[PDB]
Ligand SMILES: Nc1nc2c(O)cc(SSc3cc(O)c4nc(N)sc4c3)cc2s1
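Consider the single chain below, provided in structure tokens and representing the form solved without the ligand.
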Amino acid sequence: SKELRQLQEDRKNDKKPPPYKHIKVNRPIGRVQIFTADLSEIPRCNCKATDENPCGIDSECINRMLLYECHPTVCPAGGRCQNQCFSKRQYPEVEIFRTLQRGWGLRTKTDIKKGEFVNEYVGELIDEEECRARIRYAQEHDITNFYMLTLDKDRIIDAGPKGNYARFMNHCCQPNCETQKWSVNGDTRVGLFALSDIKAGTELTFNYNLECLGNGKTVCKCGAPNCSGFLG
């Protein structure tokens, strides 16, 4: 109970989170590269411009089904294509709030429908050498908040120093969002998507699936009845 009493006090006193730079797109650091592909490598889906909601959430779209974003100059549905979520950056409105046991969190200001694009997990894109250095620094300074998610081998998104609102989304063993790795313009991106209808005011969470680098020993405080005890 000793730690809880302190947490009650902290929640009262903590007016704002530590500063970070709010950015729109991933920022490669050092020798990290972002890759591109020729347009010939972007798939054309099965949607037609005459369909009710071409390439939409509820459509038959194979690109959406395989986690490929359509390209606007290529998609058979043309300007009616509803599968350009990462590039268009239309996110549901959200706000940061202070939790008791899980630091700062994020809650939605609007209703969100099952399958809707919620956010892109954006940050600095760093290599293993840089990740280890940052994790070691944090550990040496008793920092227990990590914002690192692997994109692929030797390319890690660190939303700590620079990121967007997705950096505030906490882990839950019964979450209402999930990460998905998509191919956008010939390279990988990490999106957050709603698992169910979510009501305005609700905290947005996802299952970290042990991907948050540095949290491998962390005890989960999500409070779900099916809690694994860890961030995954």
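We number the residues from 1 along the sequence you see. Note that the rigid core is defined as the largest set of C-alphas that superpose within 1.5 Å between two forms.
As the entry records it, the average C-alpha temperature factor is higher for 138-146, out of 75-83 and 138-146. The stretch with the higher mean CA B factor, choosing between 129-137 and 152-160, is 129-137. Sorting 175, 191, 28, 201 by the CA temperature factor given in the entry leaves 28 at the top. The PDB entry gives the largest Cα B-factor of the residues 67, 37, 45, 166 to 37. Sort the modelled residues of the chain by CA B factor and residue 89 lands in the highest third.
Ranked against the other modelled residues of its chain, the C-alpha B-factor of residue 114 as given in the entry falls in the highest third.
The PDB entry assigns residue 170 a C-alpha temperature factor belonging to the lowest third of its chain's modelled residues. In the deposited entry, the Cα temperature factor of residue 215 places it in the lowest third of its chain's modelled residues. In this PDB entry, the Cα temperature factor of residue 205 sits in the bottom third of its chain's modelled residues, the lowest group.
Just so it is clear, the following notes concern the form solved in complex with the ligand, a form of the same protein that is not shown.
Using a 2.4 Å cut-off against backbone and C-beta atoms, the ligand, superposed onto this form from its pose in the entry with it bound, places 3 or more atoms that close, and the site is blocked. Residues placing heavy atoms within 4.5 Å of the ligand in the entry with it bound fall in a single listed stretch, namely 155-163, out of 112-120, 79-87, 126-134, 155-163.
Although the partner is absent from this view, residue 168 contacts the ligand in the entry with it bound, with a non-hydrogen atom inside 4.5 angstroms. In the entry with it bound, at least one heavy atom of residue 96 sits within 4.5 Å of the ligand.
In a rigid core superposition between the shown form and the other one, 80 is the single residue of 89, 114, 80, 98 whose Cα is displaced by 2 Å or more. Once you line up the core between the shown form and the other one, the Cα of residue 19 ends up 2 Å or more from where it was.
Annotation for residue 49: C-alpha shift of 2 angstroms or more between the shown form and the other one, rigid core superposed. In the entry with it bound, the CA atoms of residue 18 and residue 24 come closer by at least 3 angstroms compared with the shown structure.
In comparison with the shown form, the Cα-Cα distance of residue 18 and residue 223 increases by at least 3 angstroms in the entry with it bound.
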